Amino acid sequence: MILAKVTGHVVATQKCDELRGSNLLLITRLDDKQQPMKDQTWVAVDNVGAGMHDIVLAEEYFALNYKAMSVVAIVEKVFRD
Amino acid sequence: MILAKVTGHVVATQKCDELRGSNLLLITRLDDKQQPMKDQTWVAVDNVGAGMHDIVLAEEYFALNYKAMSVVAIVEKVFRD
Amino acid sequence: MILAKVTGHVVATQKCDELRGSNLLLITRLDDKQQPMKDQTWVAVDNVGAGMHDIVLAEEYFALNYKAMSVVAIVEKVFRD
Amino acid sequence: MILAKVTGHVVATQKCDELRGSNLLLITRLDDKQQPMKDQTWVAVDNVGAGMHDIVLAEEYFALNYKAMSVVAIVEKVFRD
Amino acid sequence: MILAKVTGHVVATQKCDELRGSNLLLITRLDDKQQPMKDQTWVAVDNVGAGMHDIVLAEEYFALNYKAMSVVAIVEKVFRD
Amino acid sequence: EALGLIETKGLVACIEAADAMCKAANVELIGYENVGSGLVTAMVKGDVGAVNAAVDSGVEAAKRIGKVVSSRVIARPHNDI
Amino acid sequence: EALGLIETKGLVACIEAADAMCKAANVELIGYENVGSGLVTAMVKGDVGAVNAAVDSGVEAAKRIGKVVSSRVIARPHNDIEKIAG
Amino acid sequence: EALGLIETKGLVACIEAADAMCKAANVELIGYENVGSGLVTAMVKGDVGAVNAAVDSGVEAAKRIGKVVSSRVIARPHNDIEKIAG
Amino acid sequence: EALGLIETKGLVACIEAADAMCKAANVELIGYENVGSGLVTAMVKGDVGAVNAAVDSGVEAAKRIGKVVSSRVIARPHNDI
Amino acid sequence: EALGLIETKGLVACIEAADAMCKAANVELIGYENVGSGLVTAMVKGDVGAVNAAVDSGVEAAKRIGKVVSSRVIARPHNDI
Amino acid sequence: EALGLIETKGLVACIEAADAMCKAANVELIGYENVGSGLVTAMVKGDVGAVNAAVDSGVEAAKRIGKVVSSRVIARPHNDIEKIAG
Amino acid sequence: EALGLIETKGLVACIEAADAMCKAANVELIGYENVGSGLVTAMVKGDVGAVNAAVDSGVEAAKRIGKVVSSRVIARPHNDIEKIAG
Amino acid sequence: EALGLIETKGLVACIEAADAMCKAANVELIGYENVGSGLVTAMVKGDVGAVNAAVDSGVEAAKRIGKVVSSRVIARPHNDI
Amino acid sequence: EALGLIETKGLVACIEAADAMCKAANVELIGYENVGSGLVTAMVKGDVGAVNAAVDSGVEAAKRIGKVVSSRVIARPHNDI
Amino acid sequence: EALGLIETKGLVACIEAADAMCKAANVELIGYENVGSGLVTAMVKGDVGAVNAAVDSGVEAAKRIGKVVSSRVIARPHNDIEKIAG
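- The deposited coordinates derive from cryo-EM, with the record listing a resolution of 3.28 Å.

As for the overall build of chain G
Move 1: Summing up its helical and strand segments, chain G has 2 helices and 4 strands in all.
Move 2: Reading the helices (α) and strands (β) of chain G from amino to carboxyl end gives β-α-β-β-α-β.
Move 3: The globule rule puts the C-alpha radius of gyration for 86 residues at 12 Å, and the 12 Å found for chain G is close to it.
Move 4: Seen along its three principal axes, the alpha-carbon backbone of chain G occupies a region of about 30 × 25 × 15 Å.
Move 5: Here chain G, with 86 residues, has 49% of them falling under the buried criterion.
Move 6: For chain G, the share of sequence-separated contacts (at least 6 apart) that also reach a separation of at least 24 residues comes to 71%.
Move 7: For chain G, the exposed surface amounts to about 4000 Å²; the carbon and sulfur share of it is 48%.
Move 8: Treating the 9 positive side-chain charges of chain G as one cloud and the 11 negative ones as another, the clouds have centres 6 Å apart.

As for the relation of the copies chain B and chain A
Move 1: When chain B is fitted to chain A, the best match, at an RMSD of 0.0 Å, comes from turning it 73° and sliding it 0.5 Å along the axis. Interpreted geometrically, this transformation is the action of a five-fold axis. Residue B:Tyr61 of chain B places its C-alpha closer to the rotation axis than any other residue of that unit, at 6.8 Å.
Move 2: Of the interface residues in chain B, just 8% have counterparts in chain A that sit at the interface too, so the contact is made through distinct surfaces.

Quick look at the sheet that holds strand β2 (residues 28-34) of chain H
Sheet strands associate in pairs through backbone hydrogen bonding, adopting either a parallel or an antiparallel arrangement.
Residue and element names in this part refer to chain H.
Move 1: Reading across from one edge, β2-β3-β1-β4 is the order of the 4 strands in this open sheet, with antiparallel pairing throughout. Here the strands that pair on one side only, and so sit at the sheet edges, are β2 and β4 (68-74). With direction set aside, neighbouring strand axes in the sheet form an average angle of 15°.

Some points on the pattern of salt bridges
Move 1: All told, the structure shown has 33 salt bridges over all chains when counted by the stated rule.
Move 2: Residue I:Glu28 is joined to I:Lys45 by a salt bridge in which the shortest nitrogen-to-oxygen separation is 2.8 Å. Of the two residues, I:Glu28 sits in strand β2 (residues 28-36) while I:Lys45 sits in strand β3 (residues 39-46), which places them 17 residues apart along the sequence.
Move 3: Relative accessible area serves as the criterion here: at 43%, I:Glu28 is assigned to the partly exposed category.
Move 4: Judged by its relative accessible area of 27%, I:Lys45 is partly exposed.
Move 5: The partner of N:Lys45 in a salt bridge is N:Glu1, with the nearest N and O atoms 3.4 Å apart. You can see N:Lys45 sitting in strand β3 (residues 39-46) and its partner N:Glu1 sitting in the segment before β1 (2-9), a full 44 residues away along the chain.
Move 6: Each of N:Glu1, N:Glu28 and N:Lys45 takes part in salt bridges that share partners, so that together they form one network.

Description of the packing of helix α1 (residues 12-23) of chain H against helix α2 (residues 48-65) of chain H
All names here are of chain H.
Move 1: Remark: α1 packs on α2, axes separated minimally by 8 Å, with the N-to-C direction vectors making an angle of 145°. You can see that α1 and α2 cross each other, and the crossing is right-handed. In contact with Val12, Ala13, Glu16, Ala17, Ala20 and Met21 of α1, α2 contributes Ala54, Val55, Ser57, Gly58, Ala61, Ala62 and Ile65.
Move 2: Residues that form the contact of α1 with α2 fall into these classes: 10 nonpolar, 2 polar and 1 charged.

Scoring rules and cut-offs
Residues numbered from 1 in each chain as written, not as in the entry; some residues may be left out. Chains lettered and ligands numbered in written order. Part of a larger assembly, values for the part shown. Heavy atoms only, no water. Residues with missing side-chain atoms left out of burial classes, pairs and counts. Helix = DSSP H or I, 4+ residues; strand = E, 2+ residues; numbered from the N terminus. Rg over C-alpha atoms; globule rule 2.2 N^0.38 Å. Buried < 20%, exposed > 50% of the residue type's maximum accessible area, 1.4 Å probe, protein only. Contact = heavy atoms within 4.5 Å. Areas by Shrake-Rupley, 256 points an atom, 1.4 Å probe, with all protein chains shown as cover. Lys, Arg positive; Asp, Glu negative; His and termini not counted. Charge placed at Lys NZ, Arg CZ, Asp CG, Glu CD. Least-squares fit on C-alpha atoms. Pairing = 2+ DSSP bridges. Axes fitted to C-alpha atoms, helices over the stretch in contact; angles between N-to-C directions. Salt bridge = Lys/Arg side-chain N within 4 Å of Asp/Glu carboxyl O. Left-handed = near helix turned anticlockwise from the far one by under 90°. Nonpolar A, V, L, I, M, F, W, Y, C, P; charged D, E, K, R; others polar.

Written out as structure tokens, the structure reads:
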């Protein structure tokens, strides 16, 4: 997983069937000051109900969505020292 | 998935059989200003009918094409803020 | 695997069910002087009982946690020359 | 897949059995001017009969060679604009 | 696969059971002059009997060791031009 | 602008549906209207590519925790309506 | 902040759910909202961990004397949703 | 812009399909084009979301009185294709 | 230059076949010709490596949504033709 | 602040439980209390998002090596308690 | 440093476990701690490799004459845990 | 450039294969080379797409009157191989 | 220098064998020799690590499209030979 | 320092065992001692975390190609020994 | 350099193995080393490709008249191992 922040969404009409009825969020990886980086954006199939500005936990290939990159957790606290 | 832009195609005659009868597009990853990057090109097996200059949604290994990297969606709107 | 150092933890309440009852550690990749790098942090599902400041051995996708990135070993000695 | 150019070969005597009787080529990823890059070399199990200086289409993990990185196509034309 | 050079080893006592009775080598990726790079070290489960200073052929996830990154070949000659 | 409707049995299933709709695309939520017998209806409006994406998302989320009675997208609604 | 909902048949099972919810965590009760057919809904509001705990306790008390039709926690509602409830 | 096609046996089922399509979305009708054997084809043109919706309604109306042979939406046709239709 | 033909039952299956042909390689589309009984034929022309790739792609796409009656590539067509 | 309890048969299973609890989140451990018949109880206290995460992890770890009799989180404990 | 625990029924099986542990590796014995019902627990402390070896030998000797209820090695205990043992 | 080979029993089936190959694509015929037992081999040379097409037609004509033992296309022969053929 | 031989039935299978041999390692090809009854033999020479790799590759490629009768590596051939 | 022993039937299996031991960790090999009946024993010495790791590795390698009769680690050997 | 080992019952089977090994590749014979019970072992030394080839031929000759107990090639022996053999 990686810590990331939801920064937008994508509206796609012509797409495959494995993606019907799901959200497509822009997911920006954020650095060790909890600040988004540059040129680090992926598209993730939301899975738990995340929205804008929320810090989420985006998982790589396999999450049964089947190998789409999905969001698997909404993060409350990041204790780091 | 990643946001990318179709920038060309590849014509290959001598190839395996898992790839017979499919398109092979050059797929350039584009940055947070919707602008292609440098040295970020992959070859993707088209799956929904994308052509030149179109912003698509390229998926990684497993899309039953079997683990070829394929295009799975043509993007209409990218709302980002 | 990669050599990494535990540098924190993440508290997430709203999350999937494949992650219930497990730790979520911040895992920073460290360089050839055994020193953490910059912008190299992942979130790993602890599996052997690692805590802060411990040098661990973080494994990639598949460790049956199912493809979560988990910690699979606590490192005693790193002989390197 | 990625566009790459065969730049050498590797002779390995002591190796596993999943690799017996196959070629091992050095495969350098080339940039958007069809020119090899720096520090971008992998070892690929040839599968269609590629030799030196040939522009090939190297595929990632799974090609039944079983997850060895193999070459799956020899490229005739790369139309790019 | 990638060309790499064994540069050390790791002694880990508290670890999982999928790793019992195997070597754990530090594996540094080397550049196009056959010279190790910086910050490019992984831990590989030896599989053919490699030791220090030997140029080996380290394979990615799946080698039945099960997805541990293992060494699959000891390299005799690297012809490159 | 287009117009989307979801009809659910009970109010809780309708707030889950309206939450998934409002996160899935850029649509404005008009309001609820219950007609008795436990039937509650949520109504959104926006462009037809967004409204189509929202209604498909809202249906799958409300279906998970309640009964969805009916759904509908009206692309060009009459001015009398 | 998070949002927790319980839906019951009848008002008595909903006052018991709303009483248990407000005792078992630090949450704020927003109010009731019935839609006929005897369905009444309680809405609490607070932090995600508190609201989670409240809804579990409130469903357990209400199910004991009446019928709990559905329950749900929204960890982060859209701002539009905070014009339908309130 | 996108391109939607419906193909029917006979002209009556194609005027009902073309009428339903133009009512149910903001599309433009390009024209009919028959190829003998009673196959007639209608071609609409508009945005992808509209054209999608139109073809679904048009097939639903036409199938009701006649035979719909095939339907198809091309989200982005090649420029060469816009010399065979028009 | 080479010459490729696809013959389909119905016009719709022929525009899907032609669309796939024109995206798969750099071929110029000549035009349709129906001979009655519902048979429609599309004809492309270009280099023989491109035309071979287009016809194989167009056949598979039209096969998906209609009936493909016949296909053929003529590598060196006679000047009388 | 919240309050979490795990009750185990035997002291060893209680120290494994308390070790998992204290590593899983930022909770302070109050102390043990045995009531006879082999029942030992560990008590932590902290915020309700942390205590909920700790008790779930502590239960799974102690379950692995002993018998867990009971567990409980008290979100708002009374001041008399 | 690491922490090793053995738990037995009765004191005799625990003195044999504690004697075997201190002989078979370079560990330090912290003490005994019983909780009634005849359960007695021994705690050793040392490097991970030593403590590992000690617990294996100590369980083997104690199981020979009495009942070993549980054994466990904590490779790196939390600092809070080093206020319950000591 | 690429290299295409057809191998037949007897010379007549090989002149029909070599004739069909040279007609059906822009290839160059290098020559025949027999090795006794009646096996005769034809070798054509040209671009990969042409040579591919030629070998398919050449095998189809030759199989019609005689026996085609084997066929093969080498997309890029090693430079050493272009001293055994020519 | 070492010496490797492959014997195949028919000339076509022998040119496929010799093409795989010459690409697999740095060996010089000596030439063909047929002895009648359809048996053709290819002979390479080089260092014994290269010749061992070439013959193993050539056998597998010719086996795919023809009959391989015999293969052999002679590590130290006599000077009379 | 600790002390590890592996006992094998035959000398060949003992040199494979001692090779795996010496590569697995930083132990110094003392020497062989055969007692007749085909039993040969290899003896290493070093720190107890290293000696452990070595004996587990040496047992699995010698087990592969011969018979391993017995193995043993002595953590604190007596000074008379 | 690499290291090849063959182990046989009896000395005659080992002189035939050692003779075949030295003929069939460019290797150096280090010597014999018996351990009683009639087990005798031959050790050759050379480059990996040579030593590999030698060991295959040596086992094939020795197995023909006697019993080959085990065989093994170490591609890169540890430096400590080159004090037990030599």
